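Lettered A, B, C, D and E in written order, each chain numbered from 1.
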Amino acid sequence: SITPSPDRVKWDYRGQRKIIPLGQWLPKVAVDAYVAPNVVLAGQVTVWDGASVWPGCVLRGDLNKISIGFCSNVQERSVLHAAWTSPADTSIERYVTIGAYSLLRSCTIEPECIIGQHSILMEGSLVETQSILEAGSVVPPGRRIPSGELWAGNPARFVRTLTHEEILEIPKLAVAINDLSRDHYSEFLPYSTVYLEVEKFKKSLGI
Amino acid sequence: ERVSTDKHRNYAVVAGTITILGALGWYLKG
Amino acid sequence: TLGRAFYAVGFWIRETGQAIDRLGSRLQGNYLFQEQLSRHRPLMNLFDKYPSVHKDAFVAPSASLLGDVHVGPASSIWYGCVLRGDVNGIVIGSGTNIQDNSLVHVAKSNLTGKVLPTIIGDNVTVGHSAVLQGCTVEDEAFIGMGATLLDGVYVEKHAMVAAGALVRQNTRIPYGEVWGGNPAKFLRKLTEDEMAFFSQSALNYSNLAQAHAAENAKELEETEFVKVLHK
Amino acid sequence: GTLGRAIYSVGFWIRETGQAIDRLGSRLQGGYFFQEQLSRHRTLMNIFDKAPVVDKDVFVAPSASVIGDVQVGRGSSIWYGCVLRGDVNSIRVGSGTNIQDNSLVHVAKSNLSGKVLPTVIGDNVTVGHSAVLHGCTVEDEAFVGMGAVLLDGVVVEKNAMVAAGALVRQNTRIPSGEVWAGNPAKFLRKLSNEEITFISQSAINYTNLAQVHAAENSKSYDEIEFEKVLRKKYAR
Amino acid sequence: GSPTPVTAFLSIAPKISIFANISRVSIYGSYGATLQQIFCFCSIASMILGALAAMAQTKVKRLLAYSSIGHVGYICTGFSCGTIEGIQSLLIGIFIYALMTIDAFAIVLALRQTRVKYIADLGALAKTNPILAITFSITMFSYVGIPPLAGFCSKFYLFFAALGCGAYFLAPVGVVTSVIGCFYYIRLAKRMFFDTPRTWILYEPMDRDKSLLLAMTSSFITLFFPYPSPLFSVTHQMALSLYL
């Protein structure tokens, strides 16, 4: 039972579209935010006024809502996917700095948190008010990471307590990433002038 | 396949180019 | 910064160009300039930090290398890489594999000039799902998949880092070493046949890349395009 | 009418002027800007002769490269950013499975010294985000998800699961019904029966969601513009 | 209660009209002290009320209402005597007030929906939208008083005319209500980088025309003092040809 419909496309001539509405659920970016061109924003995703979703990332809030806060950043290969039915969603608060390979099913990241690379947040968990995970962190389902704590190991463990130098330095890292984002965004220049390419292609081939 | 097929837009475009030409003439009569 | 001034006025001029073109299209009665389609230029610059891939070096059309990233011959950038060179450059030598689902990243701006470069010197395999953020990996290296190399790490000269393992800051893996686990601790020694196997896998993937690129240059298959315009 | 013809000519003229301005701008720039190209990305391709064989009722996100001899059956889905690269050896995935976005499958050692290693994924298998599958045999109805990675001739079996960081290595025969984790992999629970039903229901409702995403993602430009204008006017 | 466009139009348009009508009647059908005295009282009452009420409010609309009452008061103080310089400064004050209030309503209207009724929702406008915060501070400081702006220049010429017209009493109350307003406002503005309880990142931001109108008026307010000759000249023409 492997009949291939020959009417299946193998070259869409227009890549995976950035903003994927899902039946009257048009995902919304703010005019200040910066999403890469590779990234795929499907369904109930909102990028709130200063955030940055860097190249090679996917956010498909098709079960629940996913909302990136003020100037939070979601690094390269992150995948944010709201978990099964509930309200259980994914909230990224004001100044959150997510890692490179972040995997977030459903969770809440209360403001001013930092999550290192190769992070996983399993099924609904809180990390609140200036918490810092380390590389390779894994937060089991139904966990809470309290104020001002640095966690590591899989599953997560206690390491130490934060110094106010670092707790005050977190937003600085957030705004630095936001400035880098400003650079790329200043580079991208809307409307992409590719309709000329498709036009000449269509003209030389057919019409 | 060498024409625009929307009457309202074409009337509006006639009005717009008439507007710009009239403004240029008006200025020329400053 | 006269170059940057030229770049900015170039943006102004080309933007006026796009706008007047769109006015022309609206006049002509053709709204095709809205067919949203992902830009995703596989090779991208920022101001003057363009990449430089040598000819005969396969880069998958779905990759993403942007910033100052330079890569030499016999190299392969397999589907789903993120090679970033915005702040500090990336240099990648000959005969190397950066497999699908891998990023060679550079730390987002830290305060001081603490943004180390990343060097990947030829005859190096960097398997699937590999994050290399600010590292120095040298000739005859094996980075077996599920790999994390955090800033400040130096692996060299026929050295292997196993799988699903991360290496913290300021760690060195010299010849004949395998490290693994969280954190990456030393396990055992290597074998000479395993080193020759490193080299043979490098060559085999060079050939694989030649094949994949020669296939990716196959004239775009107009039939499916006219199909998708039909319906 | 004739007025239409005239303004058509005028629009063509000013469009040419726009193209000229754009080239002038790029040339005032130059050397740095990598002007945009068409997609030039393959959602499906062959290698030497092996074309992919993909069911009709499947979902394949147009950001998922299937290359080699991938035999993908009914009621399944290859979600966004996926890479099913079986250019060297055979890939056969069961019917009713799902590769949840941004995953990878590769095989290595085709027919060397007699011993070969294919790769097979059973029915109703739900492999998740960032799953790396490197030459494995996952029997039908098995759960692997959220960043796991299986290194070698591993074989998972019959409702077993590896969860959230499982780095499973070097020919592990996973017992029939367990859970594993750890880096490296060890077991820590007993995989309750309602949880078996959870994985089954997961496969089912995820096939449903995949069908929705297909119906959406396989639209043309005019239909998309209609959907968008209708959505706006209704939300008004 | 009334919506924001309605209350804006109610603040700006009828007041100038009724002031012109009051001037046209008070030149003609007044008494030696009847109208001047029935206004001299309301002027000081208005300045005092504006001060001692706007000092304590917790709704960004009622604050605007009491600041409008205060500026109408300052204008009425300008009304006190009946000499040419006085009525000149009167009309100048009317005009500056019209501009400042369309400006303030532009802002409070561009900050509408997510802040249905609040004043604490200055949720780091210094951080989430700095240019808008700077513009709000400019408009308010102009509304109250500070080194060269439009409102400060208007009040200064008002009190100049009052002193030179034979009333040594309106200035003390006028300057003291001005200084309490200035202390309050400059305490509020410098309260915009202490800390922030609430945050209302806004879908609102100023489509095109509110932005243009704002930008225009706000550039006018600061840049008024570098060349305020034509306004004085046209006001002189107007007031002189009102009766003579």
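Heads up, the rule we're going with is that a residue touches a chain if its C-beta (ideal position, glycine included) is under 8 Å from a C-beta of that chain, and two chains touch if they have at least 3 such contacts.
Chain by chain, the UniProt names read as follows: A = Gamma carbonic anhydrase-like 2, mitochondrial; C = Gamma carbonic anhydrase 1, mitochondrial; D = Gamma carbonic anhydrase 1, mitochondrial-like.
Touching subunit B and subunit D at once are the following chains: C.
The most distant chain from subunit D, with centres taken as the mean of CA atoms, is E.
Comparing chain pairs A-D and B-C by the number of C-beta pairs in contact, the larger count belongs to A-D.
Remark: the per-chain Cα centre closest to the mean position of all protein Cα atoms belongs to A.
Averaged Cα coordinates give subunit C a centre that lies 60 Å from the centre of subunit E.
Distance from the subunit B centre to the subunit C centre is 52 Å, each centre being the mean of its Cα atoms. Rounded to whole angstrom, the centroid-to-centroid distance between subunit A and subunit E, based on C-alpha atoms, equals 46 Å. Rounded to whole angstrom, the centroid-to-centroid distance between subunit C and subunit D, based on C-alpha atoms, equals 20 Å.
Multi-chain contact residues, meaning those touching two or more other chains, occur in subunit A at positions 9-16, 56, 77, 101, 118, 136, 154, 192-194, 198, 201. Looking at subunit B, one finds that residues 4-5, 13 touch two or more other chains. For subunit D, residues that reach two or more other chains under the stated contact definition are 7-8, 11, 19, 22, 36-39, 41-42, 45, 63, 81, 102, 130, 165, 183. Chains touching one another form the pairs A-C, A-D, A-E, B-C, B-D, C-D. The touching residues of subunit C, when paired with subunit A in their complex, are 11, 14-15, 18, 22, 32-33, 35-41, 46-47, 64, 66, 80, 82, 84, 86-87, 101, 103, 105, 108-111, 129, 131, 133, 148, 150, 166, 168, 182, 220-222, 224-229.
Those residues of subunit D that touch subunit B in the complex are listed here as 1, 3-5, 7-9, 11. Subunit D contributes residues 7-8, 10-22, 24-26, 28-29, 31-34, 36-42, 45-48, 63, 65, 67, 81, 83, 85, 87-88, 102, 104, 106, 130, 132, 134, 149, 151, 165, 167, 169, 183-184, 220-221, 224-225 to its touches with subunit C in the complex.
Note for the complex: subunit C touches subunit B at residues 27-29. Partner subunit E is touched in their complex by these residues of subunit A: 30-31, 48-50, 69-70, 94.
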